[PDB]
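Below you'll find the structure, written out as structure tokens, and then a few comments.
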Amino acid sequence: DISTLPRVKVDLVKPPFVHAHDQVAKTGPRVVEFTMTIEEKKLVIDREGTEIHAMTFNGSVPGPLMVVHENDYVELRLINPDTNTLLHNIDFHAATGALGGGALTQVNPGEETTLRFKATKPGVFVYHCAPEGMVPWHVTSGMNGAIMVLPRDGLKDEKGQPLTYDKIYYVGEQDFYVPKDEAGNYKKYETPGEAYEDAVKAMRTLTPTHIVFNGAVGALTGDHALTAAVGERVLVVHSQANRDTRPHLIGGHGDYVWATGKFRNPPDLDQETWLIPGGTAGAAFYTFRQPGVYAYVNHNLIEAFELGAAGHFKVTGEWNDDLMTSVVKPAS
Amino acid sequence: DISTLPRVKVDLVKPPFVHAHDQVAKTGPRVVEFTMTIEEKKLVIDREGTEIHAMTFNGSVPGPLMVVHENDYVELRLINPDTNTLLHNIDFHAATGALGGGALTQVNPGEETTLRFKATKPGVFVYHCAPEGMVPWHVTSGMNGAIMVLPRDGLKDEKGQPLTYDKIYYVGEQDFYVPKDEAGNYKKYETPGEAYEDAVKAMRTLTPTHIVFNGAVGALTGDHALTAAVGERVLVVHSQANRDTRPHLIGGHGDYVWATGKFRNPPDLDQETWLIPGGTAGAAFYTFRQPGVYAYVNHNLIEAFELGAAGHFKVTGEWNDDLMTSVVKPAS
Amino acid sequence: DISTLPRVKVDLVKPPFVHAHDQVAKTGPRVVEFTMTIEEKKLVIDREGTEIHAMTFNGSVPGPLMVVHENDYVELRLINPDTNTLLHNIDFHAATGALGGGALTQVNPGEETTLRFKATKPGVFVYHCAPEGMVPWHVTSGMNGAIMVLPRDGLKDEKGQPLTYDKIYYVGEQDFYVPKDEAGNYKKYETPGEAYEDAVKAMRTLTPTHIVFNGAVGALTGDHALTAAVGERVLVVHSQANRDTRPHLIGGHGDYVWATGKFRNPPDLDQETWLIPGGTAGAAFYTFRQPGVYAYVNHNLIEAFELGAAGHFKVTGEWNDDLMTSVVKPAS
Ligand SMILES: [Cu+2]
Ligand SMILES: [Cu+2]
Ligand SMILES: [Cu+2]
Ligand SMILES: [Cu+2]
Ligand SMILES: [Cu+2]
Ligand SMILES: [Cu+2]
């Protein structure tokens with residue numbers, strides 16, 4: 008009887024941060040209540056000032072990471088304010104039935120809905136908007152995020168020993184398909200309906216114009232670089248709702264990686280680069296061993312360094328000359 | 008001595024259906040006899056009426072699924088009728104030697120050949136035509152299928168317990184590269200030889216114009232939707248002879264997935280989306296838990312919803328409100 | 008104390024060959040000394056005579072395979088002769104810290120540097136040049152290779168039994184993005200600086216013009232085909248520094264495959280095709296069972312047969328008619 012279960016309301020946070028949670032379940036199964044408000048907004052996605060009409064969950068690309076435990080119930084109140092122009096919904100890859108909830112959550116502007124589903128499978132999973140006839144447009148406009156369903160006894164390694172993270176970050180990778188004129192400049196549009204056929208044409212090329220982390224070129228750099236300390240165990244959750252990606256920590260590794268994100272499977276060990284298929288979330292665990300700057304990239308290096316799929320970690324602590332040293336510094 | 012083994016003749020069926028077979032071998036090793044007739048034919052592949060010259064095994068794209076057990080012999084009689092215009096052959100990824108049989112099966116129109124090979128490795132495997140100098144043209148014109156080699160004691164889960172399916176479907180995913188003029192309209196051709204250089208040019212773009220299941224946009228929808236009942240265990244075999252794909256059951260999961268199709272390996276559990284590399288067949292097992300419509304898609308959603316890589320399951324049975332429910336239906 | 012360890016100097020060889028090494032470590036940990044000299048040179052990459060300005064480690068594309076054991080130290084002297092024009096460096100995916108060494112190895116023409124790192128994780132790993140602001144240009148101009156870090160007790164199968172190879176080959180797969188004019192012909196450039204923006208434009212299309220093994224179309228064919236004998240156990244290491252690939256041995260299999268290259272993980276068994284993500288090296292082990300010609304390809308068959316990603320094995324020995332035979336040779 009679900010009415011007899013504890014309810015807990017979660018207040019979500021902006022990626023790449025993640026709301027507070029317990030890795031090992033400190034309660035029995037609960038109904039975990041989330042609220043997200045859809046926001047259609049202009050977003051500047053690159054250094055040139057290219058501005059698109061983004062479709063977001065909770066004002067961000069990606070949408071926030073939701074975190075529950077296996078066999079919790081997820082209850083989501085989805086709000087589509089009358090300041091928006093489009094119909095939206097939500098599909099959870101974690102859920103079973105009704106197109107992941109999409110069939111039950113169609114909200115016109117000025118409407119809201121509440122969906123409840125049982126999180127029966129542990130893993131990281133994509134969620135995204137999926138309105139009938141317009142699915143890839145919404146998804147490639149930013150309307151996706153992820154949900155992590157932790158095993159009730161937390162994460163385990165390939166031998167069944169606990170893996171406990173000290174920090175968790177969520178990197179949502181977004182492929183945008185900004186329509187171009189024949190000279191190659193980005194086109195700009197007066198209404199969503201007037202943009203639609205050109206959006207479809209741009210998507211059909213299958214060639215993204217931008218591939219970004221946390222919604223824009225350089226979003227995870229500078230004052231917004233990810234941080235860690237030598238010796239800290241960090242879990243990076245990475246999602247891509249539409250297109251394959253291949254994350255790589257430049258200077259590091261994925262010590263334990265669930266490339267397709269599902270925690271009943273033993274992790275892959277010692278990965279340099281891992282493939283997260285389009286429509287999947289993955290998770291990588293690493294213990295930092297050296298200080299300094301790391302780049303976290305999609306290792307199609309064109310996608311990383313020309314199209315935007317690169318962020319930074321800044322790591323504090325002691326340098327280990329046993330692991331790496333310059334013997335002879337560059338010289339004539 | 009192969010002459011002392013039982014022979015069994017199989018009558019193949021059109022995808023997505025699969026010929027009758029036993030999951031657990033009820034006989035010792037056998038010579039399993041198949042016959043396929045090559046058919047070059049016009050096929051309408053989309054809702055616009057785009058018509059291509061398809062090259063098929065047995066009149067279908069994909070070719071039929073063949074099913075044998077490990078250490079059976081597969082004996083194929085391949086017929087190229089004099090009504091065809093091209094040289095064809097067959098390469099089995101399940102076979103060992105002679106380019107998978109391709110070197111031994113070159114049949115001009117009006118010729119036939121019979122190949123026998125030992126199915127030494129259990130899994131789902133691609134087969135395709137591969138004529139010297141013309142390989143990707145034949146494959147991307149539809150001339151591919153798959154063969155399933157079951158373990159003699161049937162499928163097993165990650166712990167070695169039996170997995171028995173109630174139903175099996177074969178989804179062949181086909182990438183077509185229809186030549187376009189500079190305005191972007193599809194070109195139409197008077198002879199294969201006159202089409203060839205433009206086919207090569209179109210392929211070289213590496214951008215398919217269509218990506219379809221069972222040979223056409225919408226082929227697995229409507230009266231031809233896949234079916235199941237709540238509680239039925241379904242195995243979906245999925246092949247792609249040329250290009251990576253990422254299957255996803257919208258509203259469901261891959262409970263047990265062999266993404267690269269080889270049954271000596273433990274399956275991946277609880278998958279949302281799985282990556283089947285180009286030139287591979289994969290297999291996913293799911294037990295339906297909810298009724299209604301499911302979409303089975305390539306989760307590059309542009310490929311699914313704009314280029315054609317989407318089918319439907321219609322599932323009968325009882326709705327489970329514990330797994331999913333609308334708490335508050337969409338309202339103002 | 009690293010000064011108390013044995014030092015061993017390795018003399019590298021040109022791919023696809025690999026320098027001599029022991030699979031099982033016959034000494035304790037060592038400092039393994041390598042030297043590579045950067046060479047910028049013109050390379051003809053296709054049958055049409057398309058000539059690019061390649062950037063190489065040691066004069067080859069790919070760079071040579073380095074082979075050490077887990078917990079050895081790798082000491083590399085990198086030389087950038089004054090006959091080159093560009094700044095280069097080296098990033099090892101096997102290393103920990105300083106962007107894989109890239110931050111410590113920036114060498115202008117006329118400079119050299121020596122880097123030492125501890126090879127703490129067993130596997131095959133990519134190395135590549137990665138100069139700040141120019142990374143994908145150098146990598147896609149050929150400046151990448153791989154390093155194999157063997158477990159001290161050699162390779163093991165999924166049950167922990169030894170796997171010993173008789174022969175090893177290194178196949179580096181290179182994606183080139185040769186700039187094209189609007190008619191589609193390759194453009195040719197007077198200086199690197201004058202080529203740069205067009206190189207960037209070509210890369211941004213995300214569509215390689217050439218995808219080659221060992222630096223050119225047909226490099227691993229004819230007198231340079233890979234060789235083996237029936238019954239020989241062969242390990243093929245395959246890297247791709249920028250783009251996903253899907254190797255396949257036509258007529259064979261990957262008996263044991265580490266698709267993402269890391270030997271602490273059990274191998275995948277009986278693979279037809281495997282996915283090596285961009286920025287990764289993988290390794291496949293096969294025991295030949297049939298003589299003749301095999302094709303080793305990227306199984307996007309357009310990439311293989313139109314863009315160049317195909318090589319040959321020539322295998323000597325006895326034909327096994329039990330595994331495959333022509334029953335009825337092609338006839339009217
Ligand atoms: Cu939406
Ligand atoms: Cu989805
Ligand atoms: Cu053919
Ligand atoms: Cu093939
Ligand atoms: Cu360089
Ligand atoms: Cu790298």
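Residue numbers (PDB author numbering), protein chains in the order written: chain A, 8 to 339; chain A', 8 to 339; chain A'', 8 to 339. A prime marks a further copy of an entry chain. Each residue gets a CB set at the ideal place from its N, CA and C atoms; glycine is no exception.
Rounded to whole angstroms, the separation of the alpha carbons of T228/A'' and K321/A'' is 9 Å.
Set against 8 Å, the gap from the CB of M331/A to the closest heavy atom of ligand 1 is not smaller. The shortest C-alpha to C-alpha distance from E119/A'' to any of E313/A'', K269/A'', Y303/A'', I86/A'' is the one to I86/A''.
In the displayed model, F292/A'' falls within a strand according to three-state DSSP.
At a cut-off of 9 Å, the C-beta of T212/A'' has a neighbouring C-beta in chain A. Interface with chain A'' (9 Å Cβ-Cβ cutoff): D329/A is included. The alpha carbon of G238/A'' has as its nearest neighbour, out of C136/A'', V334/A'', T323/A'', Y177/A'', the alpha carbon of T323/A''. Nearest to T332/A by C-alpha distance, out of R84/A'', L93/A'', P88/A'', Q278/A'', is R84/A''. Excluding residues up to 5 positions away in sequence, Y80 lie with their Cβ nearer than 6 Å to the Cβ of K125/A'' in the same chain. Annotation for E119/A'': the continuous beta strand (DSSP E) segment containing it runs 118–125. With a threshold of 8 Å, the Cβ atom of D98/A'' counts as near ligand 6, since some heavy atom of the ligand is closer than that. In the three-state reduction of the DSSP assignment, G179/A' falls in the strand class, which pools E and B. Counting only residues of its own chain and dropping the five nearest sequence neighbours on each side, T234/A has a CB closer than 6 Å to the CB of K321. Judged by beta-carbon spacing, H319/A lies beyond the 9 Å limit of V334/A, meaning their Cβ atoms are not closer than that value. Within chain A'', not a single residue places a beta-carbon under 7 Å from that of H245/A; the smallest gap is close to 13 Å. Just measuring C-alpha positions, the residue of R37/A'', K128/A'', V142/A'' sitting nearest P13/A'' is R37/A''. Pairing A232/A with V219/A, the inter-Cα distance amounts to about 14 Å.
By DSSP's assignment, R240/A' forms a beta bridge with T294/A'. Relative to ligand 4, the nearest heavy atom lies less than 8 Å away from the CB of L308/A''.
Considered as a whole, the region 147–223 of chain A'' harbours 151–157, 174–183, 217–220 as its complete beta strand (DSSP E) runs of no fewer than 3 residues, in chain order.
Between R159/A and the set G109/A, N78/A, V20/A, the nearest pair of CA atoms involves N78/A.
Judged by the Cβ position, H26/A'' fails to qualify as a neighbour of ligand 1 at the 8 Å threshold, every heavy atom of the ligand being at least this far.
With contact defined as three or more Cβ pairs closer than 8 Å, the region 122–136 of chain A'' and the region 268–275 of chain A are not in contact. In this structure, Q247/A sits away from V68/A, with a CB-CB distance that is not shorter than 9 Å. Counting C-beta pairs with one atom in each stretch, the region 134–146 of chain A'' and the region 278–294 of chain A have fewer than three that are closer than 8 Å, which means they do not touch. Interface flag for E82/A' against chain A'' is set, since a Cβ pair is found closer than 9 Å. Residue-level contact check: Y134/A' does not touch chain A, since none of the beta carbons of chain A fall below 9 Å from its beta carbon. If only uninterrupted beta strand (DSSP E) runs of at least 3 residues are considered, those enclosed by the region 239–270 of chain A are 240–247, 254–257, 261–265. In this structure, ligand 1 has no non-hydrogen atom nearer than 8 Å to the beta-carbon of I257/A''. For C136/A', the shortest C-beta to heavy atom distance toward ligand 5 is 8 Å or greater. Chain A' has no Cβ within less than 9 Å of the Cβ of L227/A''. For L308/A, the uninterrupted alpha helix (DSSP H) segment begins and ends at 308–312.
In the three-state scheme derived from DSSP, where H, G and I count as helix and E and B as strand, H95/A' is classed as strand. Residue environment analysis places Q181/A'' among the buried positions, since at least 16 neighbouring C-beta atoms fall within 10 angstroms of its C-beta. Residue pairing by DSSP places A317/A' opposite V304/A' in a beta bridge. The criterion of a C-beta distance shorter than 9 Å is satisfied by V39/A'' and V15/A''.
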